[PDB]
Amino acid sequence: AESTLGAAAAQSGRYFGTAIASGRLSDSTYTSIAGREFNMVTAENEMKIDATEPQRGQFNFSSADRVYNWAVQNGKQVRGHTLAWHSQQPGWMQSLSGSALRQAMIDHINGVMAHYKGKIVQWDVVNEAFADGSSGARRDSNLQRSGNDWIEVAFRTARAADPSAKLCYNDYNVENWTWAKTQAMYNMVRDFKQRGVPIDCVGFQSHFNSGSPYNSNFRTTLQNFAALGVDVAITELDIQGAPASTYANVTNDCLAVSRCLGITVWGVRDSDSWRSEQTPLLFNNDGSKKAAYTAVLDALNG
Ligand SMILES: O[C@@H]1[C@@H](O)[C@H](O[C@@H]2CCNC[C@H]2O)OC[C@H]1O
């Protein structure tokens with residue numbers, strides 16, 4: 001048994017990660033708790049399209065490198081998030097459509113992956129391409145309006161740019177095996193594997209709440225995607241109210257699936273959360289451990 005989340009996960013060959021915000025790297029409580037507890041880092045915002053390419057052709061890795069360098073200095077690996085997404089696009093990309101947008105999407109993947117070549121274990125190459133609800137349709141965005149092949153082209157571009165990186169598709173509301181959105185993602189990955197589209201991993205954001213609740217069939221979802229020949233990862237876990245029971249269920253689901261690489265929670269303290277009002281993380285505002293922290297650590301330790 002180990003006394004910290006990352007070390008506990010590492011005993012079964014897994015990681016335990018968090019999202020890191022560069023502007024908070026001067027906060028001593030934040031940096032010391034995150035340093036101690038996690039062995040994997042995702043940049044919360046700094047590796048997104050707008051942050052990394054604020055003007056077309058003009059990259060800015062200053063804040064991204066602050067996160068990457070903090071991670072490596074503190075003994076963590078890094079998940080890159082995210083190369084192609086409808087949200088947080090810079091204005092210049094929002095205005096593009098069609099073939100011009102396709103070229104800009106490819107150029108953006110190539111430039112960011114070149115900067116980090118060989119240094120990023122997993123990339124969320126494409127994020128949030130499915131619509132919510134019963135349709136299983138693609139989300140409407142400039143990217144999707146450029147053609148159904150946007151996702152496959154992003155993945156082929158990424159495979160050529162950095163053959164060492166594991167290439168992930170990441171989404172939310174895709175954890176419950178019975179949901180239409182989950183099945184749409186399953187059918188896409190299955191099709192990609194049939195047609196030779198490079199995809200190595202699927203990320204399950206795991207933003208659980210009353211409208212999108214945890215279900216024990218998450219373990220079935222994880223198993224069934226692993227059986228397609230991809231790794232699986234829990235990428236942005238948070239749980240409304242932070243119940244200990246659900247936090248332990250999720251942890252045990254990952255521990256039960258050989259190709260589940262690890263778990264990232266989407267922040268450190270409740271006050272760091274994008275959904276702080278839902279008190280959905282493992283640490284209190286003062287940095288003390290919540291009941292859910294103990295439940296996770298115990299589950300990791302068997
Ligand atoms: O700071 C906020 C981030 O936490 C938020 O991150 C997204 C959560 C949902 N899945 C994708 C993540 O990038 O993005 C908005 C930002 O304001």
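Please identify every one of the chymotrypsin sites (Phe, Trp or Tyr not before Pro) in the range 174-239 that sits in a loop by DSSP and has no more than 14 other beta carbons within 10 Å of its own beta carbon.
Taking the range 174-239 and a limit of 14 other Cβ atoms within 10 Å, no loop chymotrypsin sites (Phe, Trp or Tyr not before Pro) are found.
How big is the range 195-302 by Rg and Dmax over its Cα atoms, in Å?
14.3, 50
Quick one: what are the phi-derived ³J(HN,Hα) couplings along the range 287-300, Karplus 6.51/-1.76/1.60 with θ = phi - 60°, whole Hz, x for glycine and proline?
x, 6, 6, 8, 3, 5, 4, 4, 4, 5, 4, 4, 5, 4
Which loop trypsin sites (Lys or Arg not before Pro) in the range 92-179, with loop taken from DSSP, have no more than 16 other Cβ atoms within 10 angstrom of their Cβ?
Those satisfying the criteria are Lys117, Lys119, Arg139.
Can you quote the Å³ per residue value for the convex hull of the Cα atoms in the chain, rounded to an integer?
120
If I model a spin label as a point 7 Å beyond the Cα along the Cα-Cβ vector, how far apart are those points for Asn285 and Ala160 in nm?
It works out to 5.1 nm between the two label points.
Can you give the extra length, in nm with one decimal, that the chain gains between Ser210 and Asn74 once fully stretched, where that is 0.36 nm per residue apart less the Cα-Cα distance?
Full-extension gain reported as 45.4 nm.
For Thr178, put the label point 7 Å out on the Cα→Cβ axis and report which residues of the range 212-251 keep their amide N under 16 Å from it.
Counting backbone N atoms under 16 Å from the label point, the list is 212-221.
Between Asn187 and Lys117, what length in nm is gained on full extension when 0.36 nm per residue of separation is reduced by their alpha carbon distance?
Taking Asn187 through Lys117 to full extension adds about 22.2 nm, to one decimal.
Is the C-alpha gyration tensor of the range 1-58 telling us rounded, prolate or oblate? Criteria: a/c under 1.5 is rounded; beyond that, a/b larger than b/c is prolate, otherwise oblate.
The shape class here is oblate.
Contour minus end-to-end for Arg275 and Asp140, with contour as 0.36 nm per residue of separation and end-to-end as the Cα-Cα distance?
46.1 nm
How much space per residue, in cubic angstrom, does the convex hull of the C-alpha atoms of the range 20-126 take up?
Spread over its residues, the Cα hull of the range 20-126 gives 93 Å³ apiece.
Please name whichever of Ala64, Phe225, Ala248 sits farthest to the positive end of the charge dipole of the chain, dipole taken about the Cα centre and charges placed at Cβ: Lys and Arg +1, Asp and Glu -1.
Sorting the options by dipole projection puts first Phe225.
Putting +1 on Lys and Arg Cβ atoms and -1 on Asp and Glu Cβ atoms, find which of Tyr116, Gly147, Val126 reaches farthest to the positive end of the dipole of the range 114-170.
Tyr116
No Cβ is skipped: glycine too gets one built from the backbone with ideal geometry, and neighbour counts run over all protein chains shown. Coordinate-derived values only; no laboratory data.
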